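Asks:
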Ligand SMILES: *[C@@H]1O[C@H](CO[C@@H]2O[C@@H](C)[C@@H](O)[C@@H](O)[C@@H]2O)[C@@H](O[C@@H]2O[C@H](CO)[C@@H](O)[C@H](O)[C@H]2NC(C)=O)[C@H](O)[C@H]1NC(C)=O
Ligand SMILES: *[C@@H]1O[C@H](CO[C@@H]2O[C@@H](C)[C@@H](O)[C@@H](O)[C@@H]2O)[C@@H](O)[C@H](O)[C@H]1NC(C)=O
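Residue numbers (our numbering), protein chains in the order written: chain F, 1 to 107; chain W, 1 to 593; chain Z, 1 to 117; chain S, 1 to 21; chain D, 1 to 21; chain C, 1 to 17; chain B, 1 to 17.
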């Protein structure tokens, strides 16, 4: 099983701030990573597929990038609706695995 | 100090487990499994403190009643992982009742990973720092244990509790104390010690040690060796006259020799026959090498390597080109062959291509109802039949009902030895008893010993063997033709003379024979002519010498030629070279563009 | 099948069993020239039996044909290996051509497969 | 066939269900 | 294999017995 | 295991139509 | 029908060694 290490587990930031969350893969996953967003109502939505590709409807302030074994989700300018939970997921290998999550909180 | 034991596979009962009682080293793996009736009491007074090392892997599966390994294998220090179980050197699976591992002396797993899965009572896992034991923990699979839930109350401190006890190491950011049980810490050495180990005072073991030692910087005081072991000492390489064995110990020639020697049958997992190569005693010669027999030494192959073919059930029936092909490349047959070839094309060449390299057959050779064969010469390199297995009636060579067989081997050139067993010859109508008698002589199926069921009436009965000689009375060359005449043949009662047969092939020098590259039925090795019997024309001057005009010959070409009388006399093989250019005519073509 | 014993019962060596997938009737020994190669007949060499005394010596030579298609008619016959005899020469005996049809489905079993999808 | 699936063979308790008419 | 005989397949209550060690 | 007249029976155990 | 950890169990039902 590929372990996806998500950091930080929690983050305080303010409106209009730029923030980044990271997932480090214990094995090379190539570009096969999703970024998921969970609403307080429980609804899960996919924001990024294939590390960097933005899904239809997703605001352009959201971006995904890779550096070595570090896969990052960046919100260029935070809005009030972005202060929710985020999860990375690898689909490169047979047991699909998820990062531990990041809760984004208002400072 | 104790014994080196082989790998073991212990199941059902604990009875056979006591076979480990004197082992210091298991040279192989250790599997303990499927003990459904065992209870804690069965393990309370059970201990193997002599076991320091396993060269392959340790596997424990469904062993009931076992709660810890701390008393079973208290001193197991190294698992080398030379051979693995599906990439794992340590497997703990469905050990219902196991509460802790407790392998408190385990310092190094040299190769392979750890799989600890579905152990419902298993704790003291979070407390182990595997990075001290394995170079890569990335492939470890430690899941579905009690430790996965919120029920493990792992406690290392005991003496004073939380005041100068177990060494603590970091996971990601959290320092964790590291222990195997409530009463045993995980040993951690300074980084300068690397994998060599250290004493309780933190002093490094010698660089040839692995995991632990009784004294610092002394290669005679190691618990286990990093490289090789010899005479209570850890060495980097085996010195002369010793050999590297199983990637951990030094052995002498005699040891390697004892392993090698004659594991009679059991070729299929129970023999190998050990050899010497690059100062290693190994199971078999590497590719490109073969084994020099008198000294067990692998030497590079003169051309392609010899190939031993072990037959299923010790036998194989060859009844086609296709089945013969299955033996292509074989130089040694372990088993017995049955030849049953009734037809086909270019058989002598095809059979020689596939079977011509066989030098030895360990069992028997049987030729039966092989209607198509005229000779056994396709077995070009066959020199030995051992007769270790025999056809019922104790026969090592058996020939029955082969209607066209005229030659076994050419006994002027071929040598064949038959160690054991008798000969059987029946219903070989074209095979002269002289050929059979020559075979007895050559093969050592010696007439001082026991019988050979050889029929006097059914071997050669349809053959007149060589008998008379036809001589050529006339020979004439042309560049494209050859005209020959030869003696007329007259049997006792001169009446009804019907046929001659003239054979000719393009030949180089000397090396030409009648029974050459099996004419059999189809693709032929000889150009043949049927010559009608002559007309006598009274008694005084009746030599109206049968002859023939050979046409369609290449010029300046040597032809092997001979005549035979239809099944009396055959002529000898004469070589006749067609005409070439006059010197004058070589000159012209040279001298005038 | 019957054991074969020549006049001087001594040295009996071999039987030969022939079988081919056959339709009806039209089957012969000298069929589609077996010659040397491509054959019209499946052939088995049967080792001569061991007599085991004079009273009850019919340890009847036999053979187990395997590798047959089911619900298939087989032309079958046995022959004794060709012997150059002492005085009035005889090889011996051949059996007649019998047709044997391998088993097929029980009626019951045809029904089942039919009656239950 | 069902004969071939469960008699001259062994059929899974589900294989057995499927085509129940 | 036993996996192939009874898991990725279905094995007869006797097939299952046979090699019981 | 399953056979003969029993298949028919086995099937109605499961069918119950 | 038969699978996973159950095969091992299924077998000991029948084995009883
Ligand atoms: C065997 O004969 C059949 C047909 O002949 C009749 O039926 C036989 C069962 C037997 O009773 C004979 O004596 C009868 O004369 C021949 O069958 C041919 O098979 C091919 C196969 O594709 C088919 O195309 C032809 O139409 C068939 N011919 C006829 C006339 O039906 C077969 O050749 C005969 N075989 C031998 C070896 O004699
Ligand atoms: C451990 O070694 C023991 C030694 O055996 C003893 O000495 C031999 C020479 C005989 O006299 C024998 O009767 C003695 O018991 C073995 O008994 C024991 O079985 C060995 N361990 C194993 C592998 O079982």
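In this text, a Cβ means the ideal position worked out from N, Cα and C, and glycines have one as well.
For a contact meaning CB atoms closer than 7 Å, what does residue 13 of chain C contact in chain Z?
Replies: Within 7 Å Cβ-Cβ: nothing; residue 13 of chain C doesn't reach chain Z, min ~14 Å.
Asks: Counting only Cβ pairs nearer than 8 Å, list the residues of chain B close to residue 17 of chain D.
Replies: Within chain B, the residues near residue 17 of chain D are 14.
Asks: Do the segment 415 to 430 of chain W and the segment 449 to 458 of chain W make contact, defined as three or more Cβ pairs closer than 8 Å?
Replies: Yes, they touch.
Asks: From what residue to what residue does the beta strand (DSSP E) around residue 228 of chain W run?
Replies: Run containing residue 228 of chain W: 228 to 230, per the beta strand (DSSP E) assignment.
Asks: Does residue 8 of chain Z get closer than 8 Å to chain W when you measure Cβ to Cβ?
Replies: No, residue 8 of chain Z does not count as interfacial toward chain W.
Asks: Would you say the beta carbon of residue 25 of chain Z comes nearer than 7 Å to a heavy atom of ligand 1?
Replies: The answer is yes for residue 25 of chain Z.
Asks: Measure from the alpha carbon of residue 311 of chain W to the alpha carbon of each residue in W/276, W/280 and W/363, then state which is nearest.
Replies: Cα-wise, what sits closest to residue 311 of chain W is W/363.
Asks: From the DSSP output, in three-state form, read off residue 53 of chain F for me.
Replies: Note: residue 53 of chain F maps to strand in three-state DSSP.
Asks: Just verifying my parser: in three-state terms, what is the DSSP assignment at residue 257 of chain W?
Replies: If DSSP states are grouped into helix, strand and coil, residue 257 of chain W belongs with the helices.
Asks: Hey, out of W/437, W/343, W/223 and W/293, whose CA is closest to residue 36 of chain Z's CA?
Replies: Of the listed residues, the one whose Cα sits closest to residue 36 of chain Z is W/343.
Asks: Return the first residue and the last residue of the alpha helix (DSSP H) that residue 15 of chain C is part of.
Replies: It spans 4 to 15 - the alpha helix (DSSP H) in which residue 15 of chain C sits, taken as one unbroken run.
Asks: Put residue 300 of chain W into one of helix, strand or coil per three-state DSSP.
Replies: Here residue 300 of chain W sits in strand by DSSP.
Asks: Residue 118 of chain W by DSSP, collapsed to three states: which one?
Replies: The answer is coil: DSSP assigns residue 118 of chain W none of H, G, I, E or B.
Asks: Quick one: which chain W residues come within Cβ less than 8 Å of residue 54 of chain Z?
Replies: Correct list: empty, because the minimum Cβ distance to chain W is about 22 Å.
Asks: Please tell me whether residue 7 of chain C has its Cβ less than 8 Å away from any Cβ of chain Z.
Replies: Yes, residue 7 of chain C counts as interfacial toward chain Z.
Asks: Considering only heavy atoms of ligand 2 and the C-beta of each residue, which residues fall inside 6 Å, strictly closer?
Replies: Answer in sequence order: W/18, W/19, W/21 and W/22.
Asks: Buried or exposed for residue 201 of chain W, going by 16 or more other Cβ atoms inside 10 Å?
Replies: Exposed, since its Cβ has fewer than 16 Cβ neighbours within 10 Å.
Asks: At the level of alpha carbons, what is the spacing between residue 74 of chain F and residue 168 of chain W?
Replies: One C-alpha to the other measures close to 36 Å.
Asks: Would you tell me roughly how many angstroms separate the C-alpha atoms of residue 550 of chain W and residue 482 of chain W, rounded to the nearest one?
Replies: C-alpha separation (whole angstroms): 5 Å.
Asks: So, is the C-beta of residue 10 of chain S closer than 8 Å to a C-beta in chain Z?
Replies: No, no contact with chain Z.
Asks: By the criterion of Cβ-Cβ separation under 7 Å, what are the contact partners of residue 84 of chain Z in chain W?
Replies: Near residue 84 of chain Z (Cβ distances below 7 Å), the residues of chain W are 457, 458 and 461.
Asks: Could you tell me the alpha carbon to alpha carbon distance between residue 125 of chain W and residue 197 of chain W, rounded to whole angstroms?
Replies: Roughly 22 Å between the two C-alpha positions.
Asks: What did DSSP end up calling residue 6 of chain W once you bin it into helix, strand or coil?
Replies: Looking at residue 6 of chain W - three-state DSSP - the assignment turns out to be strand.
Asks: Output yes or no for whether 8 Å exceeds the beta carbon distance between residue 92 of chain Z and residue 1 of chain Z.
Replies: Going by C-beta atoms, residue 92 of chain Z is not nearer than 8 Å to residue 1 of chain Z.
Asks: May I have the straight-line CA-CA distance separating residue 441 of chain W from residue 588 of chain W, to the nearest angstrom?
Replies: Going by the C-alpha atoms only, they are around 60 Å apart.
Asks: Inspect the CB distances between the segment 429 to 437 of chain W and the segment 404 to 420 of chain W and report whether three or more fall short of 8 Å.
Replies: At 8 Å Cβ cutoff, the stretches touch.
Asks: Could you check whether residue 204 of chain W and residue 222 of chain W sit closer than 8 Å to each other, using their CB atoms as the reference points?
Replies: Cβ distance not < 8 Å, so residue 222 of chain W and residue 204 of chain W don't count as in contact.
Asks: To the nearest angstrom, how far is it from the Cα of residue 526 of chain W to the Cα of residue 516 of chain W?
Replies: C-alpha separation (whole angstroms): 8 Å.
Asks: Using CA coordinates, which residue listed in W/90, W/123, W/253 and W/351 is at the minimum distance from residue 96 of chain W?
Replies: Checked all of W/90, W/123, W/253 and W/351; the closest Cα to residue 96 of chain W is W/123.
Asks: Note down, in chain order, all residues in the segment 58 to 84 of chain Z with a beta-carbon under 8 Å from any beta-carbon belonging to chain C.
Replies: Those residues of the segment 58 to 84 of chain Z that come within reach of chain C (Cβ to Cβ, closer than 8 Å) do not exist; the list is empty.
Asks: With 16 as the cutoff for other CB atoms within 10 Å, does residue 39 of chain F come out buried or exposed?
Replies: Residue 39 of chain F comes out exposed.
Asks: Can you give me the Cβ contacts of residue 9 of chain B inside the same chain, cut-off strictly under 7 Å, excluding the 5 residues immediately before and after it?
Replies: So no residue of the chain qualifies.
Asks: For residue 53 of chain Z, which three-state DSSP category applies?
Replies: Three-state DSSP puts residue 53 of chain Z in coil, outside helix and strand.
Asks: At which residues does the beta strand (DSSP E) containing residue 233 of chain W begin and terminate?
Replies: Note, residue 233 of chain W: beta strand (DSSP E), 233 to 235.
Asks: Less than 8 Å between the beta carbons of residue 5 of chain W and residue 17 of chain W, yes or no?
Replies: The answer is no: Cβ separation not under 8 Å.
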